[PDB]
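Here's the structure we're looking at; comments come further down.
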Amino acid sequence: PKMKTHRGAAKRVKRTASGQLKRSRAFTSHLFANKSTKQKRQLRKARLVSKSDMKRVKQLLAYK
Amino acid sequence: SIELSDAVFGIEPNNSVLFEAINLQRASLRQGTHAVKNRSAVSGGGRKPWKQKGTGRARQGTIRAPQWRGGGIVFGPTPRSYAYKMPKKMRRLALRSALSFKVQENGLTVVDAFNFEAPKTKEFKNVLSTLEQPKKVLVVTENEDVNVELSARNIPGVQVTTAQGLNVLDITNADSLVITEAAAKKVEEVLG
Amino acid sequence: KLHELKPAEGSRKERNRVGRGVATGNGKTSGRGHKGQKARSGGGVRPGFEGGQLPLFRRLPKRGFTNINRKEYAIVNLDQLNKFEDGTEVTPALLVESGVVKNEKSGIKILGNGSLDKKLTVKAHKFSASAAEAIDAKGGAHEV
Amino acid sequence: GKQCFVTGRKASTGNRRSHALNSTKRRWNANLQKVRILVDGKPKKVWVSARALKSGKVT
RNA sequence: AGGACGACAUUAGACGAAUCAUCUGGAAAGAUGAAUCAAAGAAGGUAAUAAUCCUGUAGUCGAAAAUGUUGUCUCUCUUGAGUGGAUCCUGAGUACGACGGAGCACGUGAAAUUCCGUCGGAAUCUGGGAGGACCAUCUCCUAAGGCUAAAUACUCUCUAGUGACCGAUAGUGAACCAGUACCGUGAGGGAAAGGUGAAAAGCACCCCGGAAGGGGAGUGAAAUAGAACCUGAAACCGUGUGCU
RNA sequence: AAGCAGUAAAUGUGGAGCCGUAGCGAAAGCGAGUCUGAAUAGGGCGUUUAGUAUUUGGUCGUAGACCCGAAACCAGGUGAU
RNA sequence: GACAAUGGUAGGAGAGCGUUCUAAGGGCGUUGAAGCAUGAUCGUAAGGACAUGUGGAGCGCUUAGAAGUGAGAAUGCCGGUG
């Protein structure tokens with residue numbers, strides 16, 4: 001049958017033109033009195049997944 | 001006389017597409033009706049026969065296991081289809097390459113209208129002898145001709161067909177082409 | 001000649017057969033290494049998550065939504081408009097039959113990457129603000 | 001088993017759930033009552049649900 | 001909703017072209033020469049390998065009687081639309097709501113549409129429902145009565161036919177008189193067993209022996225082809241011997 | 001692609017569609033630029049545009065999935081000779 | 001023609017031998033097919049021939065195609081025999 005995509009990965013990433021994935025940042029949910037005002041302001045920018053995780057999880061997003 | 005066109009008969013043949021067209025037409029004639037029983041489908045089993053530990057014998061679970069004599073084929077045949085496909089331009093180019101090979105080999109031979117009013121194989125055998133054709137021949141026409149296929153269908157090596165029924169395998173298998181002056185322009189208008 | 005056939009060079013290869021001899025180097029263990037979970041008929045672990053520490057798409061936060069009325073447009077840059085003779089009032093019908101647009105999704109949008117260098121009368125659904133200037137500085141109009 | 005005479009009411013089957021959604025099979029019976037209704041041939045006593053006994057019957 | 005009205009199909013069948021001679025051979029279909037048919041060069045048998053020896057194939061012909069399907073003729077059936085609007089009708093313990101469940105891709109969630117058990121319970125064309133909580137305006141429709149062919153799924157079974165399917169440890173468990181010897185109180189489980197030769201021509205008769213079994217002599221092209229029958233291998237068991 | 005035709009042939013017709021020609025952004029939406037922000041100021045991703053159909057080989061996913069093997073668990077029956 | 005290089009498990013890459021079947025071409029066979037027995041033959045290996053005996057009718061070669069494709073070991077299954 002058709003291969004099934006990961007429905008919880010498809011809510012956390014998006015494909016860039018080169019085929020890289022644009023993820024989001026962890027540690028931004030609560031407990032903000034403990035993080036610096038600079039470490040809170042730089043966790044607000046999205047980044048790309050690594051080469052290693054792309055090695056691991058790249059069949060789960062073969063339709064994305 | 002002579003009726004041809006350099007864009008359906010002057011094609012430089014394409015061996016790499018001709019091989020795939022022949023192999024495709026060969027793979028598409030296979031039935032594929034071959035099956036075999038496995039552990040699920042062999043009658044019997046469902047009872048361990050030796051009680052596992054406490055007996056000097058090797059531990060077993062079924063009398064229909066792939067090792068026991070009498071049951072269980074591991075990965076045998078199964079009924080599957082064998083045909084595949086390829087682009088339309090490649091199909092057309094394969095036919096053009098086959099016909100150009102018959103032309104370059106000096107196989108093609110155009111003739112005027114076949115005229116048979118009653119079926120008879122003596123007449124067709126004599127017509128081939130007059131034209132001095134090889135034992136394997138392909139008689140092509142514009143439509144179905146009920147007195148050219150009733151004759152020349154019990155002769156060994158003579159195959160009769162139509163302009164809208166040309167294979168790559170039946171052309172590459174013959175030795176000579178005997179087309180008419182209608183089927184020639186018909187095939188030049190279909191292809192090319 | 002059916003008794004003399006050759007595939008194009010580099011077109012076919014031998015498959016590889018494990019479990020048949022030690023000269024092949026895949027006969028015993030079949031390239032699967034020694035005892036482990038990855039050496040058992042059956043297999044290894046589910047792809048991505050392994051049962052071990054926390055997977056990657058269970059450790060990053062979700063994001064965004066999907067708009068139900070998202071409208072997408074079939075894009076047509078200016079340079080694709082050069083295949084049309086002068087005049088030749090261009091519509092989404094001529095633009096699909098000509099052979100530049102296939103799937104008129106929600107309409108067509110003329111974008112302005114390239115050089116027009118013609119005098120057309122483009123009729124589209126939406127224009128870019130850098131394509132209207134190009135289509136009207138070579139002479140020409142555009143109705144929406 | 002039993003079932004309403006006039007209409008067709010009869011027990012149905014479903015689940016019964018805990019506060020943790022632990023399912024367990026259970027039944028839902030009809031509110032059948034032994035009522036002596038008046039059909040000719042003889043007045044006979046039969047099962048009738050209390051839903052049909054309201055607003056129209058013979059007894 | 002009951003009957004009367006000639007063509008096809010099934011269930012037996014008939015006709016059906018064209019080859020002779022020599023060598024090897026136990027035997028010709030093989031090799032060597034010449035020759036014929038073909039709407040027939042599919043296939044099987046025949047003392048070996050056959051388009052022309054047999055059964056057949058292409059083609060054409062056939063049906064007392066039973067059945068199926070089908071065309072026409074009867075046999076039935078059977079008043080179809082357009083205006084007008086006072087007023088009357090238009091499926092009720094139904095629709096729907098609360099509580100407890102289920103079903104919708106949809107896990108009670110903001111959950112629409114749909115069913116069930118218990119309680120409550122509408123309106124009547126200005127009516128009633130839907131357009132994913134809910135309200136208003138717009139658009140589409142008219143529940144609570146029922147029937148229905150085709151496209152679709154499958155094969156115990158009959159009729160033709162096919163296979164880069166097996167070839168007796170394989171293919172059905174079963175090519176054999178197998179679901180049987182048997183084995184179990186029972187439900188139930190389950191094997192293993194193919195082949196003389198072209199034709200039984202299957203050894204008249206003589207000799208040793210109580211018989212079994214031989215040794216001849218005959219049948220045969222072959223008897224280490226003699227029914228413990230094609231071939232006959234390895235482990236294993238022997239008899240003789242060359243060097244040690 | 002299914003469908004139609006035809007020797008279960010192989011070969012025509014069919015262009016609903018599907019991939020690519022343009023991205024970026026949660027989205028409205030702008031367009032080779034866009035998003036953030038007061039602001040190209042800088043930065044992130046782009047302008048890298050040659051792809052596409054079929055097919056041999058390697059590997060992965062869904063199916064028992066390289067082969068043999070439990071102690072058991074559920075359902076329906078058979079047993080007090 | 002000069003120079004160098006060539007141990008190897010797990011495993012990675014390449015080139016090959018052989019088996020059953022299919023297509024097309026070209027062959028062999030009762031003047032004796034395959035199989036099976038022997039031999040003091042050929043190839044770098046997998047393996048290929050030839051001669052003799054037997055046997056008793058089928059079988060190779062070339063080029064491609066497709067796989068139930070090659071077994072000393074699983075207290076492996078079945079048969080035979082120590």
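The residues of the stretch B:38-85 that are more than 30 Å from B:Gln25 (Cα to Cα), of a type in the set (A, V, I, L, M, F, W, C) and either free of Cβ contacts under 8 Å to residues at least 12 places away in the same chain or in contact with a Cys (Cβ under 9 Å, 6 or more places away or on another chain) (or both), listed by number, are B:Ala41, B:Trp50, B:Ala58, B:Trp68.
Close contacts from the stretch A:36-51, counting a first residue that is within 14 Å of chain C (Cβ to nearest Cβ) and within 15 Å of A:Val13 (Cα to Cα) and a second that is assigned to a loop (DSSP other than H, G, I, E, B) and of a type in the set (A, V, I, L, M, F, W, C), with Cβ to Cβ under 8 Å and a gap of 6+ residues or different chains, come to A:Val49/A:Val13.
Among the residues making up the stretch A:52-64, none is within 10 Å of chain C (Cβ to nearest Cβ) and over 17 Å from C:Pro55 (Cβ atoms).
Restricting to the stretch B:1-57, name every residue that is more than 18 Å from B:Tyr82 (Cβ to Cβ), within 14 Å of another protein chain (Cβ to nearest Cβ) and either touching a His at 6+ places or on another chain (Cβ under 9 Å) or hydrophobic (A, V, I, L, M, F, W, C) (or both). Quick ask: steps written out before the conclusion?
Going through the stretch B:1-57, the residues more than 18 Å from B:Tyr82 (Cβ to Cβ) turn out to be B:1-18, B:37-57.
Of the ones still in play, those that are also within 14 Å of another protein chain (Cβ to nearest Cβ) are B:13-18.
Within the stretch B:1-57, B:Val17, B:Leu18 meet the criteria.
Got a sec? Which of B:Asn147, B:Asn167 is touching a residue at least 12 places away in the same chain (Cβ under 8 Å), in a loop (DSSP other than H, G, I, E, B), surrounded by 14 or more Cβ atoms within 10 Å (Cβ to Cβ) and within 16 Å of RNA strand G (Cβ to nearest atom)?
On the way: B:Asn147 fails: within 16 Å of RNA strand G (Cβ to nearest atom).
Residue meeting the stated conditions: B:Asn167.
Among the listed residues C:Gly107, C:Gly27, C:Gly42, C:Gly33, identify the single one that is of a type in the set (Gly, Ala, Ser) and within 25 Å of the chain's Cα centre (by Cα). Give the steps one after another, and end with the answer.
Details: C:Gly27 fails: within 25 Å of the chain's Cα centre (by Cα); C:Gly42 fails: within 25 Å of the chain's Cα centre (by Cα); C:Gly33 fails: within 25 Å of the chain's Cα centre (by Cα).
After applying the criteria, what remains is C:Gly107.
In summary, strands (runs of 3 or more DSSP E) completely within chain D and bearing 2 or more residues that are of a type in the set (A, V, I, L, M, F, W, C) occur at D:32-39, D:42-49.
Scanning the stretch A:1-19 for residues that are more than 9 Å from chain C (Cβ to nearest Cβ) and either touching a helix residue (DSSP H, G or I) at 6+ places or on another chain (Cβ under 8 Å) or free of Cβ contacts under 8 Å to residues at least 24 places away in the same chain (or both) returns A:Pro1, A:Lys2, A:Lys4, A:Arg7, A:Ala17, A:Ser18, A:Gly19. Taking D:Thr7 as the residue in question, decide whether it is near RNA strand E (Cβ under 8 Å from one of its atoms), in contact (Cβ under 8 Å) with a residue 24 or more places away in the chain and of a type outside the set (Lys, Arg). Yes: the conditions hold for D:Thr7.
Cβ separations smaller than 7 Å between residues 6+ apart or across chains give the following pairs from the stretch C:18-33 residues that are at positive phi to residues that are more than 8 Å from RNA strand F (Cβ to nearest atom): C:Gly19/C:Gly27; C:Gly21/C:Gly27.
Let's see how each residue does on (1) more than 12 Å from RNA strand E (Cβ to nearest atom); (2) of a type in the set (S, T, N, Q); (3) closer than 30 Å to B:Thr180 by Cβ:
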{"site": "B:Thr33", "(1), (2), (3)": "no, yes, no"}
{"site": "B:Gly54", "(1), (2), (3)": "yes, no, no"}
{"site": "B:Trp68", "(1), (2), (3)": "no, no, no"}
{"site": "B:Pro79", "(1), (2), (3)": "no, no, no"}
{"site": "B:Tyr82", "(1), (2), (3)": "no, no, no"}
{"site": "B:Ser97", "(1), (2), (3)": "yes, yes, yes"}
{"site": "B:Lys102", "(1), (2), (3)": "yes, no, yes"}
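Apart from one condition, B:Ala35 fits all of (1) under 25 Å from the mean Cα position of the chain (by Cα); (2) within 28 Å of B:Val137 (Cα to Cα); (3) among the aliphatic types (A, V, I, L, M); (4) in a loop (DSSP other than H, G, I, E, B); the exception is (2).
What do you reckon, is B:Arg30 surrounded by 11 or more Cβ atoms within 10 Å (Cβ to Cβ), within 12 Å of RNA strand F (Cβ to nearest atom) and within 20 Å of the chain's Cα centre (by Cα)?
Considered against the rule, which asks whether it is surrounded by 11 or more Cβ atoms within 10 Å (Cβ to Cβ), within 12 Å of RNA strand F (Cβ to nearest atom) and within 20 Å of the chain's Cα centre (by Cα), B:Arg30 comes out as yes.
On the given criteria, is B:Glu142 in contact with a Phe, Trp or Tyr (Cβ under 9 Å, 6 or more places away or on another chain), within 16 Å of RNA strand F (Cβ to nearest atom) and of a type in the set (D, E, K, R)?
No, not satisfied.
How many residues does the stretch D:24-59 contain that are within 16 Å of RNA strand F (Cβ to nearest atom) and either β-branched (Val, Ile, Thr) or surrounded by 11 or more Cβ atoms within 10 Å (Cβ to Cβ) (or both)? Qualifying residue count for the region: 1.
Check whether at least one residue in the stretch C:64-71 is more than 16 Å from RNA strand G (Cβ to nearest atom), among the hydrophobic types (A, V, I, L, M, F, W, C) and over 30 Å from C:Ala131 (Cα atoms), and report yes or no. Yes: one or more hits.
Look at the stretch D:28-46: where a residue is touching a residue at least 40 places away in the same chain (Cβ under 8 Å) and a partner is among the hydrophobic types (A, V, I, L, M, F, W, C) and assigned to a loop (DSSP other than H, G, I, E, B), sitting 6+ places away or on another chain with Cβ atoms under 8 Å, you get D:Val46/D:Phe5.
Every read-out reported here was derived from the displayed coordinates using simple, explicitly stated rules and does not represent laboratory data. Positions of Cβ are generated from backbone atoms using ideal geometry, with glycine treated the same way; all protein chains shown enter the neighbour counts.
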